[PDB]
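To keep things clear, I will list the structure first and then write my remarks on it.
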Amino acid sequence: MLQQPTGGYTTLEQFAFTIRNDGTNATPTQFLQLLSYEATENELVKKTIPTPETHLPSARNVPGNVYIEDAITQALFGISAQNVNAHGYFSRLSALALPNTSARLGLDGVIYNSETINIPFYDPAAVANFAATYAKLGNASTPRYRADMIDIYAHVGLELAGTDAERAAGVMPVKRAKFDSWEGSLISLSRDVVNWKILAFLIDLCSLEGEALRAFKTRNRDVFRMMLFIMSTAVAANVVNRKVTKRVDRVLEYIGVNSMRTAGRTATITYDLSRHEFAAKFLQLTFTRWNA
Amino acid sequence: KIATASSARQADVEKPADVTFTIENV
Amino acid sequence: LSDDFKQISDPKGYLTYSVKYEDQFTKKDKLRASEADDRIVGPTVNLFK
Amino acid sequence: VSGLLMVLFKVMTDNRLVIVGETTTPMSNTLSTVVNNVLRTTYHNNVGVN
Amino acid sequence: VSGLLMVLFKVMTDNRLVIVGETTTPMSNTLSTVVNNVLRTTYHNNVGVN
Amino acid sequence: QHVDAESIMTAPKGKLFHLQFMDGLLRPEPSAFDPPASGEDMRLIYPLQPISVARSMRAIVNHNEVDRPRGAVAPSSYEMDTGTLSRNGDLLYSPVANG
Amino acid sequence: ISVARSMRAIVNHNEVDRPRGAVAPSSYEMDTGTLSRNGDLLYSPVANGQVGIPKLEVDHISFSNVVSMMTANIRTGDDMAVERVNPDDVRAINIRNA
């Protein structure tokens, strides 16, 4: 069992989040610097996120080792992820929510019903806090619990492209993102992100409290923003290169506005409706935790 | 025997792309 | 002597693997392997094709 | 239930005794290293499946 | 001169688009190291000439 | 092999039913231009307990060349642990860690 | 003449020695480089850390190059089809609005 550092698991060099920038390793923060925005006549306004349902999916036992980290990261970032709303994984997740469960979350991101001494794992109290919220991702498909797939993206825009004054104001112009880019910059970015060990991020988001938690929110804002960016490319209505001088600028119109596009396209990973339900529910839970 | 000479160029093998019905991935 | 046992070679187990395939899935890049390694590893790679 | 019993019976009365079958000693350089590690000098030609 | 033009024309109008042909993944231990370095997992059976 | 709701309700108490259950993990995506389905496929019968207790491996295909399909299962480590014999001759798994 | 020549005298002079006037292939024939971020072919960087010169930029021929490819035929799928449904009444059609 890995002890959780007062700053959270994300402090560990084992859990560093990084992305290739035209192939060279770089922190997400030094990628987000490349991004620049052009405002338009429409205006995003972030009305409050409805509070998530208390109802966790039932903790039915399932054969095998659920690969929950890969499940979530693929549902959010992977190319054409499938079976994202299949119920078994999140049922085991809710089993992790229990006060004295036998189940364990490996640093690998797998869940093992065995105590499994050979494989290092997160502190069970922390994953209890984390599963207690993220098991709700299993509610993403059920009609009673579907998250607003549209309005939540306003928050995404604000947390990504929003200037500090707009982030205070809660209202920002809809923006058109652009950056100097390479051949498959968005796909390669989604590859670089889908490999992220996000459960460190989420477990830290749920387990930490007070000053350590707020310091986590400042220390990791760029990470959260990169996941937000990959989702934004997934939901952007339109994405196109613009040839400025010899440089090629990728241009995503528009940030913060989910087009509900589902057909695949070359430029970016694409959400089927199941991925929209999932991503929207994830954003509900994550933005709720992020704003507290 | 008499000494001799010969020639060879690399051959074209370009073909229209095969139509497969099986698929690599889920 | 009494035939107290039944001498055998290459024994049956009590449990065997059984496999259902979807025949439409098939990797396009054929994987050449050493003939020896193919004869050790090979019943396995066929069963878990 | 009956079947379990007979399973349990057939195992209780399994009097089989293995004798080495036809075997091979691959020359090692002829095996890929991953398989060369797993291999221990010799093996039955009926390798089975793992 | 005409030939160059037609060369230049035929290239200007080359609308070819490659699809991967039959390919092979040699098991590496089966390749000599000089070729194993040059090789990258897979290759077309029509290797061509270099 | 098919099953009416009527038979599920009115079968003798002692008899073994034989249900079938799909594993639809290996169903490839619809073509982009396949006509939309207005109809809704529906289901009634489900297991109450885990089935596929016998399962060792699943979905031996690649999702996107390198990525793993959701719901795929790798074989348990124990299937692959030729251990050794204990001094009395019983089979053992390999020692985990040390000593 | 022999501007086209790539190699010459592929025999041994005295088993180990090189024949006078023999020519080895130019290094460029053998430099599978990589692709530039816009997708042009490049030679390998020479020394460090200088960026690889694009292959079209210079006059040497190169026979190892990185071609992008579809993994399989892309015409394989069903053709798109639509449900046209022409208007109920021709007289009711609003061709106005400019």
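Each chain in the structure tokens gets a letter, A, B, ..., in the order shown, and its residues are numbered from 1; ligands are numbered from 1 in order too.
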
Next item on the list: Write down, as a PyMOL selection string, each residue of chain F that has any atom within 10 Å of an atom of chain D, counting only C-alpha atoms.
Entry: chain F and resi 75+79-80

Considering only C-alpha atoms, give me a table of residues in region 3-47 of chain E that are at most 12 Å from region 44-67 of chain G, with the closest atom pair and distance in Å for each, as a tab-separated table.
```
residue	atom	partner	partner_atom	distance
E:16	CA	G:67	CA	11.8
E:17	CA	G:67	CA	9.8
E:18	CA	G:67	CA	7.9
E:19	CA	G:67	CA	10.0
E:20	CA	G:67	CA	10.1
E:38	CA	G:64	CA	11.2
E:43	CA	G:66	CA	12.0
E:47	CA	G:64	CA	10.8
```

Item checked: region 73-217 of chain A: residues DSSP assigns to alpha helix (DSSP H), reported as a PyMOL selection string -> chain A and resi 73-77+88-96+124-134+152-160+164-169+185-194+198-207+210-217

Item checked: Interatomic distance (Å, one decimal) between CA of residue 28 (chain A) and CA of residue 7 (chain A) ->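 About the pair CA of residue 28 (chain A) and CA of residue 7 (chain A): they are 19.2 Å apart.
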
Which residues of chain B come within 10 Å of region 45-67 of chain F, and for each one, what is the closest pair of atoms and their distance in Å to one decimal, counting only C-alpha atoms, sorted by chain and residue number, as JSON lines?
```
{"residue": "B:23", "atom": "CA", "partner": "F:61", "partner_atom": "CA", "distance": 9.9}
{"residue": "B:24", "atom": "CA", "partner": "F:62", "partner_atom": "CA", "distance": 7.2}
{"residue": "B:25", "atom": "CA", "partner": "F:62", "partner_atom": "CA", "distance": 5.2}
{"residue": "B:26", "atom": "CA", "partner": "F:63", "partner_atom": "CA", "distance": 5.5}
```

Next item on the list: Counting only C-alpha atoms, collect the residues of chain C whose closest atom lies at most 12 Å from chain G, and write them out as a list in words.
Entry: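 Taken together, these residues fit the definition: residues 27, 28 and 29 of chain C.
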
With a cut-off of 9 Å, could you pull out the residues of chain G touching chain F and give me the nearest pair of atoms for each, distance in Å to one decimal, using only C-alpha atoms, ordered by chain and ascending number, as JSON lines?
```
{"residue": "G:77", "atom": "CA", "partner": "F:31", "partner_atom": "CA", "distance": 6.7}
{"residue": "G:78", "atom": "CA", "partner": "F:33", "partner_atom": "CA", "distance": 6.7}
{"residue": "G:79", "atom": "CA", "partner": "F:33", "partner_atom": "CA", "distance": 6.8}
{"residue": "G:80", "atom": "CA", "partner": "F:33", "partner_atom": "CA", "distance": 5.2}
{"residue": "G:81", "atom": "CA", "partner": "F:33", "partner_atom": "CA", "distance": 7.3}
{"residue": "G:82", "atom": "CA", "partner": "F:35", "partner_atom": "CA", "distance": 8.8}
```

Go through chain E residue by residue and, counting only C-alpha atoms, keep those with an atom at most 7 Å from chain C; for each kept residue give the shortest atom pair and its distance in Å to one decimal, ordered by chain and increasing number, as CSV.
```
residue,atom,partner,partner_atom,distance
E:22,CA,C:29,CA,6.9
E:23,CA,C:29,CA,5.0
E:24,CA,C:30,CA,4.9
E:25,CA,C:31,CA,4.5
E:26,CA,C:32,CA,4.8
E:27,CA,C:33,CA,4.8
E:30,CA,C:34,CA,6.1
```

Selection above as a file: C-alpha atoms, as a CSV table (one decimal), in the first residue's frame:
```csv
chain,number,residue,atom,x,y,z
E,22,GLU,CA,0.8,-8.1,-47.7
E,23,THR,CA,3.3,-7.7,-44.8
E,24,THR,CA,5.4,-9.8,-42.4
E,25,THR,CA,6.5,-9.6,-38.8
E,26,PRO,CA,9.7,-11.6,-38.7
E,27,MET,CA,10.3,-13.1,-35.3
E,30,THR,CA,15.3,-15.3,-37.1
```

Item checked: Residues of chain C within 9 Å of chain F, counting only C-alpha atoms, as a VMD selection string -> chain C and resid 17 19 21 to 22 25 to 27 48 to 49

Item checked: Atomic separation - CA of residue 248 (chain A) relative to CA of residue 180 (chain A), Å ->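 Computing it gives 5.9 Å between the two atoms.
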